[PDB]
Structures are given as structure tokens and as C-alpha cells.
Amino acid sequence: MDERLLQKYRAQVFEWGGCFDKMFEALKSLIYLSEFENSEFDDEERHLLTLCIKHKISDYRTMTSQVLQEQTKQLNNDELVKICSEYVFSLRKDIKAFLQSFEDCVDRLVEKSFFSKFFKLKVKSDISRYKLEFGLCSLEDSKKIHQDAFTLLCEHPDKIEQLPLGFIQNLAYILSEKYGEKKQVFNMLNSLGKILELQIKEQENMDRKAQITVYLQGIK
């Protein structure tokens, strides 16, 4: 066990203990080590990275809502209300800081495999949606990152099976329903569908035909 494996273990154990700030410190070390050695993350490392932001955001939401709920039930205590507001503001400043640091890390992810390139853009897209909500980026800049991930997917139909189908569906869903690209997405996926139909036709192996069909169906 070297430092990189230790940090995977520490990140998991901190996640189990609900210590998301210590988990993030271990992940920062993973990012640095992988970058230093120019060695792509494995899937367990990627999963811990996305769990970290999920948890930090969820905590922020819970803590904020708990304080605001209690604030409103205090009758006529202007001073206590001000303390609640100050605390709520600090929590928001801290989550914004977290998003900035986490995004620094994600930008430094090593890319080699097709999935690693798509993964970086997917996670950057996810970050941009939080940054949109929290006053850290424009709608234009957020949309652009989602478009970049969708473009990469569509430029390499031969490698579609290297990507999780749910990532594909969520990106399609977000771009069409939230960014007003329903027409672009339907058109691009129509084309991707045809390319997969051909892949299926040309694939001799019956089990492989069925595997590609999962994506073809998933895309419709």
C-alpha cells in the first residue's frame, strides 16, 4: 500500500463516518498524486469524487433549511434572527468556496481513456449547475459545458459503450429540458441511433448485438 491506495481507503472511511471535509482532503491528495504520476483515476476513485460533492451539497441544503425553519418560528427576536442570517450566509460562502476548490481538482483530472474525457466534462457540467444556482457562473457558460460533453458523446458513436447509459440520458434530459435544446438533442440522438442500428447490423456476435441494443433502446 502506497500513498495513493491509502487515500482511497481514507476517503471511503471518512465517507462512512460522514466526515465530508476530511473525505475531501483525502480526495485532494488523490487528485495531486494521479496528476503527478499522469495516471488516470480508477472507477472507485471516480465514485468517491462524485460522492464527495453530492454529500457536501446535501449537507449544505440540510443545515441551511434547518436553521431557516427554526429562525421563522422565533417570534420577535430581531438579534437572534440576525445571527441566524449571518450563519446562513457563511454556510453559502463556504459551499461556494467548496465548489471553487472542487472544480480546481476536477480540472486537474488526468485524461487518457475516452470515458475519462467524457467523465471530466460530465462532472464539470454537474459543477456548473451548482455554480449557476450559487452565483458563480452564467447560464451561457453552464450551457456551453453541457454542450461540450454532448458533442464529445456524439462525435464518437463507436465508443458509446465505454460510457454509462445513465450519464448519457441525464445529459440529454438536461440539455433538452433545462437549456432549451430539445431540437438539437432529438436530431443528434436520431443520428446516433442510426449509427447504432448499423453497428448492430454489422456485429456478427449475438450477445454483442444485444449489448449495443441496450444503448439503442436507452437513447430512444
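Note that residue numbering follows the sequence shown and begins at 1.
Here the stretch with the larger average CA B-factor, out of 145-153 and 86-94, is 145-153. As the entry records it, the average C-alpha temperature factor is higher for 171-179, out of 42-50 and 171-179. Each of 136, 127, 81, 109 has a CA temperature factor in the record; the biggest one is found at 136. Ranked within its chain, residue 21 lands in the middle third, by CA B factor from the PDB record. Sorting the modelled residues of the chain by their CA temperature factor places residue 187 in the highest third.
Looking at the C-alpha B-factors along this chain, the one for residue 214 belongs to the middle third. Compared with the other modelled residues of the chain, the Cα B-factor recorded for residue 67 ranks in the lowest third. For residue 159, the recorded CA temperature factor ranks within the highest third of the chain's modelled residues.
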